[PDB]
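Asker: This is the structure I want to talk about, given as structure tokens.
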Amino acid sequence: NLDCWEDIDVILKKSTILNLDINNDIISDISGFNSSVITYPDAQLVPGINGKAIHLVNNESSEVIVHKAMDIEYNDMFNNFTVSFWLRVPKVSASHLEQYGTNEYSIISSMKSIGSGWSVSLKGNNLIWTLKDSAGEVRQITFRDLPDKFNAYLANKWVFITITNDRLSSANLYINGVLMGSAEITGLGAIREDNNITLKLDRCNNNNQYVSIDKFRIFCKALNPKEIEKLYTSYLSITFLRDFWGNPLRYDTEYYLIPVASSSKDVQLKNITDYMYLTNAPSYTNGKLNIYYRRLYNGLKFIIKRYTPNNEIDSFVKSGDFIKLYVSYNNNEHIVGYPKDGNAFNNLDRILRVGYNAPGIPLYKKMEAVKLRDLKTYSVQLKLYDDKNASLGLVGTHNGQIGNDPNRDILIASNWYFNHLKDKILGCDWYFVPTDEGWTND
Ligand SMILES: OC[C@H]1O[C@H](O)[C@H](O)[C@@H](O)[C@H]1O
């Protein structure tokens, strides 16, 4: 065994030899070996998985360099090691796949010529891990991302990358704790990499390309599945809610709602004062490029507002926060709620109403944004309360019809969900999707 050094948390901490953290808007190594980190002028900081993350654009000034401390400088020359980090890459447009699809560019590398060492690179929709020994001998793992961009890993969502390297066997590439690729690495000699680990877009021909990297970390051992699973879930801080992309959910921001249980569905409104229902979202497909996805940004625009003043007007939404949900329709904002004695399926599934304003009829609108289930998924649940603070249920959908309207999956509030929070898929889970430059429909 070529690993270094029981409780998994202890193992992870003790085997860490590099851990990039960001506090007080400064990037530094908190491993203990204190490797110096040099941040160049155009390395930007943006929202991350738990705090801020490194953002790299395509120009020479955009880079972060880690100068390995003497105590870890030669860690991966002969021994095992693991590299992990959260990664966010914008969805590549159809044009850019055709134009730069064959352009491989590194984003993180210890290779300096010959350039022995390791590198994380991207080519079109491929994530590539490369190792090169002093003899120029090479080993690679080439992960081809899923065709369905809605569920792909290199399609604008924050995902967790982990690459283990066992010199006595193979290298394994994991995404969100799942094994995605592998390659035997026996027969490789010494890995004599550069004294610096460089985070920067190298040899990328697309001037508008960019990426985000967070929690860059190196371990002096090849982590096993259970350890990676623990590592991965240890970052999912169930306190802050997240949007579809994995960034912090925010107040006063327009979001398109998509139910996790029927991701191909968008939300639509019958009429002001009336109900909401699901409709099939338009889609995009490209046989030649073999990519497709349900298009985004269609359907109602929802806005989350503070029910009462929070902390110090924090812009992010915290699980347990009470809110007022509004639909932004034709420039007007309409509160979402359930009117007293309002139409309800079998008196249990309360039909939600948008901009209901009947005089003398109380309208329950107090909601609580919470995270009761599915920790790995960037979804949220919404709990509606009446005037007595009693639960009216979680927001979801019910199939049926109102009057002479066609059968529909109508937005409702129901306590039924609380009895099924353990199911794999539940109709009360929602994705809050904000428009983002990282995703443009073709
Ligand atoms: O699957 C159950 C179905 O009926 C229930 O009463 C609720 O409306 C939702 O849970 C809906 O999906």
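If you're wondering about the labels, chains in the structure tokens are A, B, ... by order shown, residues count from 1 in each chain, ligands from 1 in order shown.
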Show me which residues sit within 12 Å of ligand 1 when counting only C-alpha atoms and all ligand atoms, and put them as a ChimeraX atom specification.

Answerer: /A:259,261-262,344-352,393-400,408-421,423,425-429

Asker: For residue 124 of chain A, please output as an MDAnalysis selection string all residues within 9 Å (counting only C-alpha atoms; exclusion window: fewer than 4 positions along the same chain).

Answerer: chainID A and resid 92 96:98 100:104

Asker: The selected residues should be written to file as a PDB file, in the first residue's frame (atoms: N, CA, C and O atoms).

Answerer:
```pdb
ATOM      1  N   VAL A  92     -22.303  24.250 -22.769  1.00  0.00           N
ATOM      2  CA  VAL A  92     -21.721  24.630 -24.053  1.00  0.00           C
ATOM      3  C   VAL A  92     -22.807  24.713 -25.125  1.00  0.00           C
ATOM      4  O   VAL A  92     -23.536  23.750 -25.351  1.00  0.00           O
ATOM      5  N   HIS A  96     -20.677  26.556 -30.051  1.00  0.00           N
ATOM      6  CA  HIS A  96     -19.381  26.333 -29.429  1.00  0.00           C
ATOM      7  C   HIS A  96     -18.890  24.885 -29.417  1.00  0.00           C
ATOM      8  O   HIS A  96     -17.688  24.643 -29.348  1.00  0.00           O
ATOM      9  N   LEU A  97     -19.804  23.923 -29.490  1.00  0.00           N
ATOM     10  CA  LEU A  97     -19.404  22.516 -29.534  1.00  0.00           C
ATOM     11  C   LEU A  97     -18.822  22.236 -30.914  1.00  0.00           C
ATOM     12  O   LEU A  97     -17.853  21.492 -31.059  1.00  0.00           O
ATOM     13  N   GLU A  98     -19.432  22.838 -31.929  1.00  0.00           N
ATOM     14  CA  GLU A  98     -18.986  22.658 -33.301  1.00  0.00           C
ATOM     15  C   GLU A  98     -17.683  23.398 -33.529  1.00  0.00           C
ATOM     16  O   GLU A  98     -16.782  22.893 -34.191  1.00  0.00           O
ATOM     17  N   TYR A 100     -15.402  24.698 -30.988  1.00  0.00           N
ATOM     18  CA  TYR A 100     -14.311  24.372 -30.079  1.00  0.00           C
ATOM     19  C   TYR A 100     -14.367  22.966 -29.507  1.00  0.00           C
ATOM     20  O   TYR A 100     -13.589  22.623 -28.613  1.00  0.00           O
ATOM     21  N   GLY A 101     -15.282  22.151 -30.019  1.00  0.00           N
ATOM     22  CA  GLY A 101     -15.425  20.795 -29.519  1.00  0.00           C
ATOM     23  C   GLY A 101     -14.143  19.987 -29.417  1.00  0.00           C
ATOM     24  O   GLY A 101     -14.005  19.143 -28.525  1.00  0.00           O
ATOM     25  N   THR A 102     -13.192  20.231 -30.313  1.00  0.00           N
ATOM     26  CA  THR A 102     -11.951  19.472 -30.268  1.00  0.00           C
ATOM     27  C   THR A 102     -10.823  20.179 -29.526  1.00  0.00           C
ATOM     28  O   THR A 102      -9.715  19.656 -29.446  1.00  0.00           O
ATOM     29  N   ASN A 103     -11.115  21.353 -28.968  1.00  0.00           N
ATOM     30  CA  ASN A 103     -10.120  22.132 -28.233  1.00  0.00           C
ATOM     31  C   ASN A 103     -10.025  21.726 -26.764  1.00  0.00           C
ATOM     32  O   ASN A 103     -10.887  22.070 -25.951  1.00  0.00           O
ATOM     33  N   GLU A 104      -8.976  20.981 -26.432  1.00  0.00           N
ATOM     34  CA  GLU A 104      -8.766  20.551 -25.059  1.00  0.00           C
ATOM     35  C   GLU A 104      -7.988  21.630 -24.321  1.00  0.00           C
ATOM     36  O   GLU A 104      -6.981  22.114 -24.815  1.00  0.00           O
TER      37      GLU A 104
END
```

Asker: By how many Å are atom CA of residue 81 of chain A and atom CA of residue 220 of chain A apart?

Answerer: 4.4 Å

Asker: May I ask which of the residues A:139, A:422, A:373, A:340 is the closest one to residue 361 of chain A, counting only C-alpha atoms?

Answerer: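 Residue with the minimum atom-to-atom distance to residue 361 of chain A: A:340.
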
Asker: Could you please write out, as a PyMOL selection string, every residue of segment 79-189 of chain A that DSSP assigns to strand (DSSP E or B)?

Answerer: chain A and resi 81-88+104-109+117-123+126-132+138-144+148+159-165+170-175+178-184

Asker: Restricted to C-alpha atoms, what would the selected residues look like written as a PDB file, in the first residue's frame?

Answerer:
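The new file selection_15.pdb reads:
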```
ATOM      1  CA  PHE A  81      -3.132  10.712  -3.811  1.00  0.00           C
ATOM      2  CA  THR A  82      -6.636  12.030  -4.411  1.00  0.00           C
ATOM      3  CA  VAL A  83      -7.802  15.320  -5.891  1.00  0.00           C
ATOM      4  CA  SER A  84     -11.256  16.703  -5.110  1.00  0.00           C
ATOM      5  CA  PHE A  85     -13.069  19.957  -5.813  1.00  0.00           C
ATOM      6  CA  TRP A  86     -16.450  21.365  -6.681  1.00  0.00           C
ATOM      7  CA  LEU A  87     -16.674  22.380 -10.317  1.00  0.00           C
ATOM      8  CA  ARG A  88     -19.096  24.492 -12.297  1.00  0.00           C
ATOM      9  CA  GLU A 104      -8.766  20.551 -25.059  1.00  0.00           C
ATOM     10  CA  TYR A 105      -7.766  23.025 -22.359  1.00  0.00           C
ATOM     11  CA  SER A 106      -6.571  22.453 -18.805  1.00  0.00           C
ATOM     12  CA  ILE A 107      -8.170  24.227 -15.851  1.00  0.00           C
ATOM     13  CA  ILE A 108      -6.039  22.753 -13.034  1.00  0.00           C
ATOM     14  CA  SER A 109      -2.542  21.334 -13.519  1.00  0.00           C
ATOM     15  CA  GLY A 117       2.551  15.542 -13.552  1.00  0.00           C
ATOM     16  CA  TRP A 118      -1.260  15.628 -13.549  1.00  0.00           C
ATOM     17  CA  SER A 119      -3.963  17.751 -15.116  1.00  0.00           C
ATOM     18  CA  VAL A 120      -7.709  18.271 -15.130  1.00  0.00           C
ATOM     19  CA  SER A 121      -8.863  19.384 -18.578  1.00  0.00           C
ATOM     20  CA  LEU A 122     -12.003  19.890 -20.663  1.00  0.00           C
ATOM     21  CA  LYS A 123     -12.682  19.165 -24.346  1.00  0.00           C
ATOM     22  CA  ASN A 126     -15.551  15.759 -21.873  1.00  0.00           C
ATOM     23  CA  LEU A 127     -13.863  16.001 -18.460  1.00  0.00           C
ATOM     24  CA  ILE A 128     -10.311  14.663 -18.683  1.00  0.00           C
ATOM     25  CA  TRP A 129      -7.883  13.486 -16.010  1.00  0.00           C
ATOM     26  CA  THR A 130      -4.278  13.002 -17.116  1.00  0.00           C
ATOM     27  CA  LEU A 131      -1.156  11.600 -15.455  1.00  0.00           C
ATOM     28  CA  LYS A 132       2.311  11.668 -17.009  1.00  0.00           C
ATOM     29  CA  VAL A 138       0.648   8.702 -20.049  1.00  0.00           C
ATOM     30  CA  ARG A 139      -2.632   7.499 -18.549  1.00  0.00           C
ATOM     31  CA  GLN A 140      -6.033   9.148 -18.933  1.00  0.00           C
ATOM     32  CA  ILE A 141      -9.667   8.970 -17.965  1.00  0.00           C
ATOM     33  CA  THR A 142     -12.050  10.569 -20.445  1.00  0.00           C
ATOM     34  CA  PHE A 143     -15.549  11.154 -19.136  1.00  0.00           C
ATOM     35  CA  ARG A 144     -18.161  11.898 -21.797  1.00  0.00           C
ATOM     36  CA  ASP A 148     -29.428  15.258 -21.628  1.00  0.00           C
ATOM     37  CA  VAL A 159     -20.890  19.279  -9.075  1.00  0.00           C
ATOM     38  CA  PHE A 160     -18.347  17.478  -6.933  1.00  0.00           C
ATOM     39  CA  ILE A 161     -15.273  15.998  -8.574  1.00  0.00           C
ATOM     40  CA  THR A 162     -13.025  13.382  -6.947  1.00  0.00           C
ATOM     41  CA  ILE A 163     -10.108  11.579  -8.610  1.00  0.00           C
ATOM     42  CA  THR A 164      -8.301   8.846  -6.692  1.00  0.00           C
ATOM     43  CA  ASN A 165      -4.931   7.457  -7.789  1.00  0.00           C
ATOM     44  CA  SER A 170      -5.891   2.418 -11.091  1.00  0.00           C
ATOM     45  CA  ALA A 171      -7.184   5.975 -11.178  1.00  0.00           C
ATOM     46  CA  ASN A 172     -10.910   6.504 -10.658  1.00  0.00           C
ATOM     47  CA  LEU A 173     -12.935   9.599 -11.540  1.00  0.00           C
ATOM     48  CA  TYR A 174     -16.014  10.276  -9.399  1.00  0.00           C
ATOM     49  CA  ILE A 175     -18.746  12.878  -9.794  1.00  0.00           C
ATOM     50  CA  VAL A 178     -20.509   8.185  -8.258  1.00  0.00           C
ATOM     51  CA  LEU A 179     -17.809   6.374 -10.245  1.00  0.00           C
ATOM     52  CA  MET A 180     -17.853   7.824 -13.772  1.00  0.00           C
ATOM     53  CA  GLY A 181     -14.527   6.654 -15.165  1.00  0.00           C
ATOM     54  CA  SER A 182     -11.413   4.608 -14.484  1.00  0.00           C
ATOM     55  CA  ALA A 183      -7.975   3.682 -15.845  1.00  0.00           C
ATOM     56  CA  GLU A 184      -5.121   1.397 -14.729  1.00  0.00           C
TER      57      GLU A 184
END
```

Asker: Could you tell me how far atom CA of residue 304 of chain A sits from atom CA of residue 255 of chain A, in Å to one decimal place?

Answerer: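 About the pair atom CA of residue 255 of chain A and atom CA of residue 304 of chain A: they are 8.6 Å apart.
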